[PDB]
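See structure below.
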Amino acid sequence: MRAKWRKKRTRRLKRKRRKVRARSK
Amino acid sequence: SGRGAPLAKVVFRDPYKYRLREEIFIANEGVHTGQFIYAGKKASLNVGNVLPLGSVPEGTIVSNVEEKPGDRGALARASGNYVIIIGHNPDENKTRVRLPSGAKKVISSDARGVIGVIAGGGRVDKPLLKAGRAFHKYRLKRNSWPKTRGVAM
Amino acid sequence: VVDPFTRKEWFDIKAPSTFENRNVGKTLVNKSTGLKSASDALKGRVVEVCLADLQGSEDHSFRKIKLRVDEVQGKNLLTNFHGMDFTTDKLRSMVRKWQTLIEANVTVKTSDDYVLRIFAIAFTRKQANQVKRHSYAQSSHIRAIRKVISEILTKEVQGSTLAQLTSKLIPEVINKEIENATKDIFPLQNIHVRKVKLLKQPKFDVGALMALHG
Amino acid sequence: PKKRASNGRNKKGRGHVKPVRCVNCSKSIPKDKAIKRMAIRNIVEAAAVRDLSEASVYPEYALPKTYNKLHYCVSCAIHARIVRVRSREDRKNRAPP
Amino acid sequence: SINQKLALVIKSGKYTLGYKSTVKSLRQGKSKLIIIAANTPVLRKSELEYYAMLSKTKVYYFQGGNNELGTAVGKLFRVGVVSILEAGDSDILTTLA
Amino acid sequence: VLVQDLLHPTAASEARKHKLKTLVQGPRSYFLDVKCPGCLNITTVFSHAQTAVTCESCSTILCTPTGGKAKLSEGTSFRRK
Amino acid sequence: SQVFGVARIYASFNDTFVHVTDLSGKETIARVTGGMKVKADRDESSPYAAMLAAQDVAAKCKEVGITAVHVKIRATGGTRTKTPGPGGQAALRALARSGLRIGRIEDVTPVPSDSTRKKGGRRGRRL
Amino acid sequence: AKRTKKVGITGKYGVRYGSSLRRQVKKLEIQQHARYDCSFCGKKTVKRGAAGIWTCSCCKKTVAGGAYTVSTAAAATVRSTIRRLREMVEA
RNA sequence: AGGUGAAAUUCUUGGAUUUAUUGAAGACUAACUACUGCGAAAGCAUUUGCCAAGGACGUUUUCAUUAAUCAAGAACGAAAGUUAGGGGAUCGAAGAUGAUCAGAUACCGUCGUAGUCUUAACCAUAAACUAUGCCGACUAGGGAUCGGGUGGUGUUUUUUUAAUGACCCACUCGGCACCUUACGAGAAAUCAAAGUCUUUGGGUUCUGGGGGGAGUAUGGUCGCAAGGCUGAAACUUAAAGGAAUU
C-alpha cells in the first residue's frame, strides 16, 4: 500500500475522531 | 438622497440665453466639486467630459448614455456599474457595447456618452447587517418590503 | 449550386511609386452587384509579400513588406505602406545557440502625425581573437543597446512621414546605422530592425490617393 | 542509490527557476533541468526536393530555412527516442554523439 | 542628479516657504527659484505664473509632490511652493534641467 | 610539496600574488607627482585616488574616478611615484 | 509579370487542409481536405490522402488559371503538437508532379510565449 | 484597555446576527472612516461625507469616490483603460 | 472538421474547421534560457521612471573588540488549501460520460464548476534537496564560469599621435559546478569534504536510538476549517532497513 493512501486513510479517521469527539463539548 | 451615488447639478449659463441652468450629469468614481468639464463631439477624452461615439474609441467606459441619442441617458447609470465598447463601424454608426445583462446591444456614433462610471464602490458587497439599515433602505424607493411567502397564505 | 466562378472577377493588384516595379499580383474581389460596385467592394484587403519579388534582387529574399489596398484605379487595385515585418521562417533561421538576443521597442509619430512604432532585432557573435563559445554581455551593456536603439530611431523620424522613412527601410541603411555606434563597442551579427506597425491613419484622403498613381 | 551530480539536470543551488511544458505528451517539467534539442528542418523533404526546384520560379531562387526547438518529457523520450539507456562512467557523457 | 543638488543647498541655503514670503521675496528681488509640484493649486501659482513674467524669475515645475517636495524642504509637513532667496551652498542656476 | 623554503622569498611570487596570502601585508600601488601646464608651484597626488583630484587657480580636473588608475588628461604628466 | 497569389495550405494531425487563396487573403479559392477521398477516417493525414487532396485542387486551380503562388504552409502552431502533418506533405509531391509554378516558399506557424496553459499539466497525458 | 481580541468596531454588534457577517463589515468600514488622502492637496484629511462621497477639509472640495472604499477593485482596472485611450488620440 | 492506436462524443443547410481586417478581457514573457545569475530563505527572467538597498573589488579608509552561532522568541515564505472585493484565456479535482475487458469509478476522447491570477490580509507547509548544518585557519592541480586589479605604440577601430571601448595572455580573491585519482575517510556508493574521528576536544544551533502500534490518544498554544508544532502506552514479533553482488 502506497504511503500517501495510508497517510490519508488515517487523516480521514483523525478528522472523524474529532466528530465523535464533538459529542463531549 | 434616495439613490446610491453623487449626482451633480452640472451648470450651463445657456448657449442661447443668459441664465445658468444647472443640468445634471450622474455620479463618476473619480471627480470633484470643481471640474472644467467639456461636452460635445469635439471635446477631450477626460473623464467627466462627453462627445458622441463618433469621437470616442473601441473599448471605452462611461455612463448616462442614450440608447436613442438624446434620451439624456438610459444605459450606464449604476452604483459600481459601467459600459465598455465591443466593436464599431464608421458608416451606419453601429458601435457594439458591453452591458451586464450577460448580453450586448448596438448604438449610433452620435449618442451623448458622458465619460466615467457611476460612483459607489461595493454596496451589495457590504451587508445590511440588521433589517434596520434595511427598513431605512426601502425608505427612499418603494414599500415592496417586507416580502411574504406563497406556500404561507 | 450557382458555380460562383461568374461573380468571381479574376481582378488584379499592383504597387505604388515609392518602390520600383508597380507589379504585385492578381486577386479576385466579386462581380459588381446591386448597391456594391467594383470600387467600394473590399478596399480593406492587404498585400503581404517579400520585397525580393517586389524589387529585383534575391538578396532581400527575406523581410516581408506589409501593404493594404486603398481603392480601385484603372480596374487595378493600387496599394500603400501600412508597415514593415520580418519573415517568421527567417526568424527561427537566424537563431543559432550559445548567445544572447538583444531586442527593443519604441512608439513614434511622423510629420503627417502618423502613429507607427519601429523596433529592432539583434543577435550576438564572437571577435577575431576571442575563444569563448557564447559571447554574452554584462547586461549593463545590453541595456545600453536599448537606450541607443531608441535614440537612433527617434532622432531621424518625425519628418516626410513613412514615405521617405520607408524609402530608407527597404535599402536597409539602418543595418549600417545600428552597426555604426555598435562598431565602437561589441561586434554583433545579423543586425536588422525586424518589425514596425501602423494603425493610427485617418480616412480615405483623395490627396495621397493620386500620389500612388504614376 | 543517488547516481548523478546535479541529479535532475544542472539543478544546483537555486531551486524553482522557470519551467517549460513537454512538446509531445504535454508533460510539464523545468527547462534548465530536463532535455532539449534544436530542429533544423528545411522546407520539404529528401526525395521530392528536386521536383520542387524544377518548378521553382525566379533564377533557382535563394531558398531560406525554417528552424525549431524541441522539449521532451523523459518518460516518452525514452520509449524509443533519443537515449537507449547508457553505461556507468559513460553516463558523465556531455559530448554530442 | 536632481537628488544630490536638492539635498545639499537645502541643508545650508537661504530659502522662503510660502505664498506671502514668496511674494515678499519676489517683491524684494532676491528670489531666483520657485518649484511647485503637480498636486498643489497652480491657481495661487497662476498669479505666480502671471508673476513669473512680472518677477522675470526663472521658475521650475517639478513633476512630483510638495509632500515629496517636503523631503526636499525638510519637515514632513505641507509646502507646495519652494522659493530660493540667497545662495548658501550650491547653484542650481544651471543643472541637467 | 615535499620541501621548499617559505622563509626566503622570490621576486616572481612578489609581483604576481596578493600581499594578503603571501607572508606580510603591503600595497601593490603607489602615489604620483603630476603637474599641470601652467603651475609654477607643486602638486602631490594618489594612485587610483577614487575621488577626482582638482587643481589650484586653473581647476581643469587633473583626473577622474576610474576602476583602474585615476586617468589623467592631455594637460598632465604621468609621473610614476 | 505572372498570375500571383498565396497558397497558405495547412496540415495538422487527423486532416490536411489543401487549398489556395489570394495575396489579399480576404478571399480564398477552393478548400478540398484529404479525408474527402478516403471513407475510413483511419487514414486522414495519410500519404495518398494529400495526393488525392492536391488532386481535387489541381484541376480547380486550372479553372482559375493561377500558377505563380507564394506558399505559406503550416504544421499546427498555436499550442498543440507544433509538428507538421506526417503524410500531409505528400500534397506537394502530387501538385508539383502534375504542374503548378511554385516560388516564395515560406511558413507562418505562430509560436506562443507558453502563455495560455497547454493541454497536459504536471503528470501530463500519460497512457 | 482594548476590549477586543478579534472584533474591533464590530463588537458593537455583540452575539446577534453572526461572526462571518460582521467580519467583512470592519473591512471597508476602516477604508471609509479613516481620513482619506485628498489627491486635490496630497494632505490626507478627508472622510466619507455620505454614501459614495469624501467631504474634504483641505480647500473644502467634497470628493466623488467609492461606496466605502475610495476606488473599488472594478473602477481600478478602469482607471487604467481611460488613460490608455487618452494618449492614442492625444499626440 | 475536433479526435485517438482505431473508435464514439461533439460541431455541422441554423455555412462551425478554413485565410484575411480592427478588437477585447484574462494570461505569458517564449526561441537565446547555460552544469549560469542575484536574492536571507521562497525563488525571481520584456521596457522605462522613481525608490532606495545588497554586493565583488578598489582604499596607505573610519572603528577599535566592535565579535562568533541559536532554545521561547522575530521577518519573508513558492504551491495546494482560505474570507471576501477584481478573476474561468486555456487547461481543468469533481462531475458528465464514449470506448476498453469478465468488470473500470480511472488511464486515452470532448466539455466542464472549485481551481487558474490579483488587494489588503490568513492556513507557515513540500523530495522547502546539496535526503549530506553556520562560521575562522590548513591539507591539490588545472582550469569550465562571473565580478575585479595589472602591464602590453598587445587584436580589432579610423576621426586625428590624444580620448578609445571590446577581445587576447599568465596571473587571480569572493563567488558557481566539473575532471584525475585519494594523501584521508567512508558499510559501499562515493566525497577537495563524508579530509583535519582511537593519532577521537577550534566557538556553537538542532535532532535521532529495532520496527509496527503511531506522528496516531491527550492537552496546551495557533488558526475559520481542513489541519500545524505536539506526543503516548499496551500488545505483538525476530526480523526490518541500507549499500553492493551474484
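Lettering and numbering for the C-alpha cells are positional, with chains as A, B, ... in the shown order, residues counted from 1 in each chain, and ligands counted from 1 in the shown order.
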
(message) From a backbone DSSP assignment, name each residue in segment 6-77 of chain E labelled strand (DSSP E), as a PyMOL selection string.
(response) chain E and resi 15-17+33-36

How would the residues just chosen look if you wrote them out with N, CA and C atoms as a PDB file, in the first residue's frame?
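As written to disk, result.pdb reads:
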ATOM      1  N   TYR E  15      16.278  80.096   2.120  1.00  0.00           N
ATOM      2  CA  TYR E  15      15.022  79.836   1.393  1.00  0.00           C
ATOM      3  C   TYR E  15      13.831  80.654   1.987  1.00  0.00           C
ATOM      4  N   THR E  16      12.633  80.386   1.467  1.00  0.00           N
ATOM      5  CA  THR E  16      11.407  81.045   1.924  1.00  0.00           C
ATOM      6  C   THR E  16      10.185  80.122   1.533  1.00  0.00           C
ATOM      7  N   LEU E  17       9.584  79.502   2.551  1.00  0.00           N
ATOM      8  CA  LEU E  17       8.439  78.585   2.371  1.00  0.00           C
ATOM      9  C   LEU E  17       7.111  79.392   2.489  1.00  0.00           C
ATOM     10  N   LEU E  33      14.464  81.047  -7.674  1.00  0.00           N
ATOM     11  CA  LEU E  33      13.906  79.689  -7.799  1.00  0.00           C
ATOM     12  C   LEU E  33      12.551  79.583  -7.019  1.00  0.00           C
ATOM     13  N   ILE E  34      11.572  78.920  -7.643  1.00  0.00           N
ATOM     14  CA  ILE E  34      10.223  78.688  -7.079  1.00  0.00           C
ATOM     15  C   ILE E  34       9.650  77.417  -7.771  1.00  0.00           C
ATOM     16  N   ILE E  35       9.870  76.265  -7.142  1.00  0.00           N
ATOM     17  CA  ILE E  35       9.409  74.979  -7.684  1.00  0.00           C
ATOM     18  C   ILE E  35       8.109  74.525  -6.961  1.00  0.00           C
ATOM     19  N   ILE E  36       7.032  74.383  -7.733  1.00  0.00           N
ATOM     20  CA  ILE E  36       5.743  73.893  -7.197  1.00  0.00           C
ATOM     21  C   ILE E  36       5.464  72.557  -7.932  1.00  0.00           C
TER      22      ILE E  36
END

(message) For residue 95 of chain E, find every residue with an atom within 10 Å (counting only C-alpha atoms (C1' of nucleotides)), except residues of its own chain fewer than 5 positions away, and show them as a list in words.
(response)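 Counting only C-alpha atoms (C1' of nucleotides), the residues come to residues 1, 2 and 5 of chain E.
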
(message) If the cut-off is 12 Å, can you tell me the residues of chain I near chain D, counting only C-alpha atoms (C1' of nucleotides)? I'd like them as a VMD selection string.
(response) chain I and resid 28 to 39 41 to 45 78 to 79 91 108 127 to 132 176 to 179 188 to 191 242 to 244

(request) In Å, rounded to a single decimal, give me how far atom CA of residue 56 of chain C is from atom CA of residue 61 of chain D. (result)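 For atom CA of residue 61 of chain D relative to atom CA of residue 56 of chain C, the distance reads 11.7 Å.
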
(request) Could you tell me how far atom CA of residue 122 of chain G lies from atom CA of residue 28 of chain D, in Å and to one decimal? (result) 5.0 Å

(request) Compile the contact shell of residue 52 of chain D as a PyMOL selection string: residues with an atom at most 9 Å away, counting only C-alpha atoms (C1' of nucleotides), same-chain residues fewer than 3 positions apart removed. (result) (chain D and resi 44+48-49+55-56) or (chain G and resi 92-93+96-97+101-102)

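Relative to atom CA of residue 50 of chain C, atom CA of residue 13 of chain G is found at 29.2 Å.
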
Find the residues of chain H that sit at most 10 Å from chain C; for each, write down the nearest two atoms and how far apart they are in Å, to one decimal. Count only C-alpha atoms. Sort by chain, then by number going up, and give it as a Markdown table.
| residue | atom | partner | partner_atom | distance |
| --- | --- | --- | --- | --- |
| H:88 | CA | C:200 | CA | 8.2 |
| H:89 | CA | C:200 | CA | 8.9 |
| H:91 | CA | C:113 | CA | 7.9 |

Near residue 66 of chain D, within 6 Å and counting only C-alpha atoms (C1' of nucleotides), which residues show up once chain neighbours fewer than 2 positions away are dropped, as a CSV table (one decimal) with N, CA and C atoms, in the first residue's frame?
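The file below, out_37.csv, is the result:
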chain,number,residue,atom,x,y,z
C,89,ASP,N,9.7,32.6,-40.9
C,89,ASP,CA,10.6,31.5,-41.3
C,89,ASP,C,12.1,31.9,-41.2
C,93,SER,N,15.5,31.0,-38.4
C,93,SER,CA,16.7,30.7,-39.2
C,93,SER,C,18.0,31.4,-38.7
D,42,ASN,N,14.4,21.8,-43.2
D,42,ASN,CA,14.5,22.7,-44.3
D,42,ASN,C,13.1,23.3,-44.6

(message) List as a ChimeraX atom specification the protein and nucleic acid residues near segment 9-17 of chain H, meaning an atom at most 8 Å away when only C-alpha atoms (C1' of nucleotides) are counted, but skip any in the same chain fewer than 6 places from it.
(response) /B:129-130 /H:23,25-26

Output of the above residues as a PDB file, in the first residue's frame, restricted to C-alpha atoms:
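Result saved to result.pdb:
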ATOM      1  CA  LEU B 129     -26.314  43.648   8.931  1.00  0.00           C
ATOM      2  CA  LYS B 130     -29.735  44.271  10.601  1.00  0.00           C
TER       3      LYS B 130
ATOM      4  CA  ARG H  23     -16.208  40.170   9.877  1.00  0.00           C
ATOM      5  CA  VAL H  25     -18.022  44.718   7.857  1.00  0.00           C
ATOM      6  CA  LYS H  26     -14.877  46.074   9.641  1.00  0.00           C
TER       7      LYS H  26
END

Please provide as a PDB file with N, CA and C atoms (P, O5', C5', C4', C3', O3' and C1' of nucleotides), in the first residue's frame all residues within 10 Å of segment 11-24 of chain F, with the sequence filter that same-chain residues fewer than 4 positions apart are discarded (counting only C-alpha atoms (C1' of nucleotides)).
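Contents of part_31.pdb, as written:
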ATOM      1  N   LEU F   6      59.613  28.759   2.632  1.00  0.00           N
ATOM      2  CA  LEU F   6      58.731  29.944   2.724  1.00  0.00           C
ATOM      3  C   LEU F   6      59.393  30.949   3.717  1.00  0.00           C
ATOM      4  N   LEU F   7      60.688  30.747   3.968  1.00  0.00           N
ATOM      5  CA  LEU F   7      61.475  31.600   4.881  1.00  0.00           C
ATOM      6  C   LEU F   7      62.259  32.658   4.040  1.00  0.00           C
ATOM      7  N   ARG F  28      50.359  47.177  -3.355  1.00  0.00           N
ATOM      8  CA  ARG F  28      50.945  46.894  -4.668  1.00  0.00           C
ATOM      9  C   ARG F  28      50.878  48.201  -5.512  1.00  0.00           C
TER      10      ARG F  28
ATOM     11  P     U I 150      43.811  48.834 -12.466  1.00  0.00           P
ATOM     12  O5'   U I 150      45.064  47.935 -12.894  1.00  0.00           O
ATOM     13  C5'   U I 150      46.208  47.794 -12.013  1.00  0.00           C
ATOM     14  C4'   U I 150      47.301  46.947 -12.648  1.00  0.00           C
ATOM     15  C3'   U I 150      47.795  47.359 -14.027  1.00  0.00           C
ATOM     16  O3'   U I 150      48.650  48.506 -13.961  1.00  0.00           O
ATOM     17  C1'   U I 150      47.721  44.982 -13.838  1.00  0.00           C
ATOM     18  P     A I 170      46.175  32.215 -20.260  1.00  0.00           P
ATOM     19  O5'   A I 170      46.997  31.969 -18.915  1.00  0.00           O
ATOM     20  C5'   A I 170      48.244  31.244 -18.927  1.00  0.00           C
ATOM     21  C4'   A I 170      49.258  31.940 -18.045  1.00  0.00           C
ATOM     22  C3'   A I 170      48.828  32.169 -16.602  1.00  0.00           C
ATOM     23  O3'   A I 170      49.027  30.982 -15.807  1.00  0.00           O
ATOM     24  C1'   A I 170      49.720  34.184 -17.489  1.00  0.00           C
ATOM     25  P     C I 171      47.923  30.536 -14.704  1.00  0.00           P
ATOM     26  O5'   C I 171      48.018  31.665 -13.578  1.00  0.00           O
ATOM     27  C5'   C I 171      49.297  32.051 -13.034  1.00  0.00           C
ATOM     28  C4'   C I 171      49.273  33.496 -12.564  1.00  0.00           C
ATOM     29  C3'   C I 171      48.257  33.851 -11.491  1.00  0.00           C
ATOM     30  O3'   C I 171      48.673  33.390 -10.200  1.00  0.00           O
ATOM     31  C1'   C I 171      48.372  35.599 -13.101  1.00  0.00           C
ATOM     32  P     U I 172      47.693  32.449  -9.326  1.00  0.00           P
ATOM     33  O5'   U I 172      46.529  33.433  -8.850  1.00  0.00           O
ATOM     34  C5'   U I 172      46.828  34.724  -8.265  1.00  0.00           C
ATOM     35  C4'   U I 172      45.633  35.645  -8.393  1.00  0.00           C
ATOM     36  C3'   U I 172      44.340  35.104  -7.788  1.00  0.00           C
ATOM     37  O3'   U I 172      44.272  35.419  -6.377  1.00  0.00           O
ATOM     38  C1'   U I 172      43.934  35.961  -9.989  1.00  0.00           C
ATOM     39  P     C I 173      43.998  34.258  -5.279  1.00  0.00           P
ATOM     40  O5'   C I 173      43.668  35.084  -3.943  1.00  0.00           O
ATOM     41  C5'   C I 173      42.669  34.615  -2.988  1.00  0.00           C
ATOM     42  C4'   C I 173      41.677  35.724  -2.651  1.00  0.00           C
ATOM     43  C3'   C I 173      40.243  35.238  -2.410  1.00  0.00           C
ATOM     44  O3'   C I 173      39.986  34.768  -1.072  1.00  0.00           O
ATOM     45  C1'   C I 173      40.215  36.995  -4.009  1.00  0.00           C
TER      46        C I 173
END

(request) Considering only C-alpha atoms (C1' of nucleotides), return as a PyMOL selection string whatever protein or nucleic-acid residues lie within 12 Å of segment 72-83 of chain D, sequence-local ones (same chain, fewer than 6 positions apart) excluded. (result) (chain D and resi 8-9+20-31+33-38+91+93+96-97) or (chain G and resi 120-127)

Select from segment 14-132 of chain I every residue with an atom at most 12 Å from any atom of segment 64-85 of chain E, then for each give the shortest pair of atoms and their distance in Å to one decimal, using only C-alpha atoms (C1' of nucleotides), rows by chain and rising number, as CSV.
residue,atom,partner,partner_atom,distance
I:49,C1',E:64,CA,11.9
I:50,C1',E:64,CA,10.1
I:51,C1',E:68,CA,11.7

(request) Hey, list the chain I side of the contact with chain A: 10 Å cut-off, only C-alpha atoms (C1' of nucleotides), answer as a ChimeraX atom specification. (result) /I:216,226-227
